[PDB]
Amino acid sequence: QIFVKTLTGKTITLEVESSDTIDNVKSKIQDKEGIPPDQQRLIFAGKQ
Amino acid sequence: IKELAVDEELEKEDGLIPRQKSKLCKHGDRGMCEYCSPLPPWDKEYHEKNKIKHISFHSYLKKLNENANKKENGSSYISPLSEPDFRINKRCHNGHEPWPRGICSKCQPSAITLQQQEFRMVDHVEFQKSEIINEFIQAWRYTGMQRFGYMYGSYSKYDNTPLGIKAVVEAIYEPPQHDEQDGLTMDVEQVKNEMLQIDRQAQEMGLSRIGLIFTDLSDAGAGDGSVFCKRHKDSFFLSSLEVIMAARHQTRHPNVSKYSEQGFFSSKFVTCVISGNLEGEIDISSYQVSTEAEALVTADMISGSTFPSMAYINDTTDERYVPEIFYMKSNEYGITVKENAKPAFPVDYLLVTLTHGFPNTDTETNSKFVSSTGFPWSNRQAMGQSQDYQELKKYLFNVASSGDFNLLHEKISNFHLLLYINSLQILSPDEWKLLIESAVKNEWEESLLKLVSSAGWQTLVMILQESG
Ligand SMILES: [Zn+2]
Ligand SMILES: [Zn+2]
């Protein structure tokens, strides 16, 4: 004719937010982004 | 305080991105729930969808205005857009009043995480003519050594990047330097004394020194191949010695901003380099430096290393306290967290990229400086194009001793020709200011006849005819 009562407790979280390895950024630089319409980029030649 | 005319126009426009109705929308036609709401211009998810790698700083100014100004009272107008400082406050607001005896955590510079900048000041550098920079590479084709220059230009809006400013250049000035096959190094005192008088004539012509260029070619065999490929993914993007020259040039030219507490922030300066592509050509590329970490530590702690990708970190001598620099890299087995307890940290991380390009030849708004681009430049003493008044009989001559005004005014709009005339200061400064304004602006026909009727232009063609 009796009872059992017990509560609980929690811990939410911690974070660091660590990212961006160096090998991904070196590949991130050597690319293209697009050029409007007529914004050619050119070639050039010389030094015969 | 007053900012630039281009900077105030980007602030007034919101730059919102409209969206259309979708299947996922459950609301009515006269509304928007979340899927057809107006998109903010600072969301990086829309940026990398169209392969834009940065968030267009005027929109980054808007994403911090939402954090500064809120719906609550506030009553502050803080606008926290300032340069983050790594120097040590001496007063320190505590009991450790000298730094020789005492330092706590509220004045100690924190460990640099090396996070990349997500916003760039200049979003897209553009040029005026392919014949302008063709003379710059032609300087290398005659003496075989590297060159140097400074780019004068202006700014305007850019509609491709959402809330972005594009960089326009008009002419390139070369300072007197000592060339060398490996690299180059000139005196900063004679350049600064020479650049002071060029800034005088740039004010009336509407020009500003906002860029610089330096060449790096290393020709392979002068036959089928154009140049070697020095800068690639495995090699360095920018050498650490040229990071120092790029950092001092941005600190000398600040950008005025009302949102900053000091009055100046987010310098708009471009550094372009001629290096060549991977396969076969001499295609150029440009990157500018980062403001968040690199722009302030260059006053005290940047030291040169033997590696072009990295730069050495020196030691503290009683005032120059530096924090530890960390970055992530892969080990021999896996990918690990920050390892750097070692000097010679890389400097390619602290560079943000730009998109260079040349406009179409069929149409433009204006070009404003295409006269010949074949006149001998002012400080090209290594090349043979450094002539005296013998060139003025060959270049313009008031063509065939009786020139038509449609063929005479087209030659007078050159940048280096007008900068060579006023150095002799034959004309009055009032008549010279209307001379350069006639050559650079439209409806010039009524004012060109005013120049030929003046006695100063008559004395210029008379003193040229008797001389060789
Ligand atoms: Zn909706
Ligand atoms: Zn302190």
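This deposited entry lists cryo-EM as its structure determination method and 3.16 Å as its resolution.

Draft legend 1. Seen up close, the packing of aromatic side chains. Residue and element names in this part refer to chain B. One pass over the full model with this rule turns up 10 aromatic pairs over all chains. Residues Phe148 and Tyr150 carry aromatic rings whose centres are separated by 5.3 Å and whose planes lie at 85° to one another, so their mutual orientation is edge-to-face. Pair check on accessibility: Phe148 and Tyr150 agree, each one buried. Between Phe369 and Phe415, the ring centres sit 6.1 Å apart and the planes meet at 75°, which makes this aromatic pair edge-to-face. Of the two residues, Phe369 is situated in the loop between strand 9 (351-353) and helix 8 (390-395) and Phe415 in helix 10 (residues 415-424); the sequence distance between them amounts to 46 residues. Comparing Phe369 with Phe415 shows no difference in burial state: the two are buried. An aromatic cluster is present here, built from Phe57, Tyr60 and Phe119 joined pairwise through their rings. Sitting above the plane of the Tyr155 ring, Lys268 keeps its charged end 4.7 Å from the centroid. Between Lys411 and the ring centre of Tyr395, over which it is positioned, the NZ or CZ distance is 5.5 Å.

Draft legend 2. Broad picture of the sheet that holds strand 3 (residues 164-173) of chain B. Residues and elements named next belong to chain B. Ordered by their spatial adjacency, 7 strands build an open sheet running 1-3-2-4-5-6-9, and the pairing between neighbours is mixed. Sheet topology places strand 1 (124-126) and strand 9 at the edges, where each strand pairs with a single neighbour. If you compare each strand with its neighbour and ignore which way they point, the axes differ by 35° on average. In this structure, strand 1 lies alongside strand 3, joined through 3 bridges in parallel fashion.

Draft legend 3. Quick peek at the UniProt feature "domain: MPN" in chain B. The sites that UniProt annotates as "domain: MPN" are residues 125-265 of chain B. With 30% helix and 22% strand, residues 125-265 of chain B has its two end C-alpha atoms placed 20 Å apart.

Draft legend 4. Fine view of a nonpolar patch on the surface. Residues and elements named next belong to chain B. A cluster of nonpolar side chains, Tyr389, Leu424 and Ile426, forms an exposed patch at the surface whose accessible area comes to about 260 Å². Within the secondary structure, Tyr389 sits in the loop between strand 9 and helix 8. Overall, the relative accessible area of 40% leaves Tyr389 in the partly exposed class.

Draft legend 5. Spatial organisation of the interface of chain A and chain B. Contacts between chain A and chain B engage 27 residues on the former and 46 residues on the latter. Both faces combined, the contact of chain A with chain B buries some 3,300 Å², and carbon together with sulfur accounts for 52% of it. For the chain A face of the interface with chain B, the top three residues by lost area are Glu33, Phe44 and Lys47 of chain A, together amounting to 25%. Counting across the chain A and chain B interface gives 3 salt bridges. Its salt-bridge partner being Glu33 of chain A, residue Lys53 of chain B comes within 2.8 Å of it at the nearest N-O pair. Where chain A meets chain B, there are 11 residue pairs in polar contact. Here the side of chain A that touches chain B is composed, by residue class, of 9 nonpolar, 9 polar and 9 charged.

Draft legend 6. Spotlight on the pattern of salt bridges. With the rule as written, the count across this model stands at 15 salt bridges over all chains. Between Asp123 of chain B and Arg120 of chain B there is a salt bridge; the shortest N-O distance is 3.5 Å. Here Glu126 of chain B makes a salt bridge to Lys166 of chain B, at a shortest N to O gap of 3.1 Å. In this pair, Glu126 of chain B is assigned in strand 1 and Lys166 of chain B in strand 3, connecting sequence segments 40 residues apart. Overall, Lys166 of chain B belongs to the buried group, its relative accessible area being 17%. Through salt bridges with shared partners, one network takes in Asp31 and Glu33 of chain A together with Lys53, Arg120 and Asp123 of chain B.

Draft legend 7. Looking closely at the nonpolar core. Residues and elements named next belong to chain B. If you look at the biggest cluster of nonpolar residues, it comprises 41 residues, and the most contacted ones within it are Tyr152, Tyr173, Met195, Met205, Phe415 and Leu435. Elements with a minimum of two residues in this core: strand 2 (148-158), strand 3, helix 5 (188-205), strand 4 (208-215), helix 8, helix 10, helix 11 (429-440) and helix 13 (455-466). What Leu435 contacts, discounting residues up to four positions off in sequence, is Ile412, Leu418, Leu427 and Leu451. Judged by nonpolar contacts, the second largest core, of 30 residues, contains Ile210, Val270, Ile284 and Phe358.

Draft legend 8. Main features of the side chain of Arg209 of chain B. Residue and element names in this part refer to chain B. Assignment of secondary structure puts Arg209 in strand 4. Given a relative accessible area of 8%, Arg209 falls into the buried group. One polar contact links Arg209 to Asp199, side chain to side chain, over a distance of 2.9 Å. With sequence-adjacent residues up to four places away left out, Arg209 is seen in contact with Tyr150, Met151, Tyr152, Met195, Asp199, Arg252 and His253.

Conventions adopted
Residues numbered from 1 in each chain as written, not as in the entry; some residues may be left out. Chains lettered and ligands numbered in written order. Part of a larger assembly, values for the part shown. Heavy atoms only, no water. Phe/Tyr/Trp six-rings, centres within 6.5 Å; stacked < 30°, edge-to-face > 60°. Buried < 20%, exposed > 50% of the residue type's maximum accessible area, 1.4 Å probe, protein only. Helix = DSSP H or I, 4+ residues; strand = E, 2+ residues; numbered from the N terminus. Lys NZ or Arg CZ within 6 Å of the ring centre and 35° of its normal. Pairing = 2+ DSSP bridges. Axes fitted to C-alpha atoms, helices over the stretch in contact; angles between N-to-C directions. UniProt positions renumbered as here; feature names shortened; annotations may be inferred. Patch = residues over 30% accessible without salt bridge, like charges linked within 9 Å, V, L, I, M, F, W, Y side chains within 5 Å. Areas by Shrake-Rupley, 256 points an atom, 1.4 Å probe, with all protein chains shown as cover. Salt bridge = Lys/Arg side-chain N within 4 Å of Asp/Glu carboxyl O. Contact = heavy atoms within 4.5 Å. Buried area = accessible area lost by both parts, 1.4 Å probe. Polar contact = N/O pair within 3.5 Å; in protein donor to acceptor, adjacent residues only side chain to side chain. Nonpolar A, V, L, I, M, F, W, Y, C, P; charged D, E, K, R; others polar. Core = buried A, V, L, I, M, F, W, Y, C linked by side-chain atoms within 4.5 Å.

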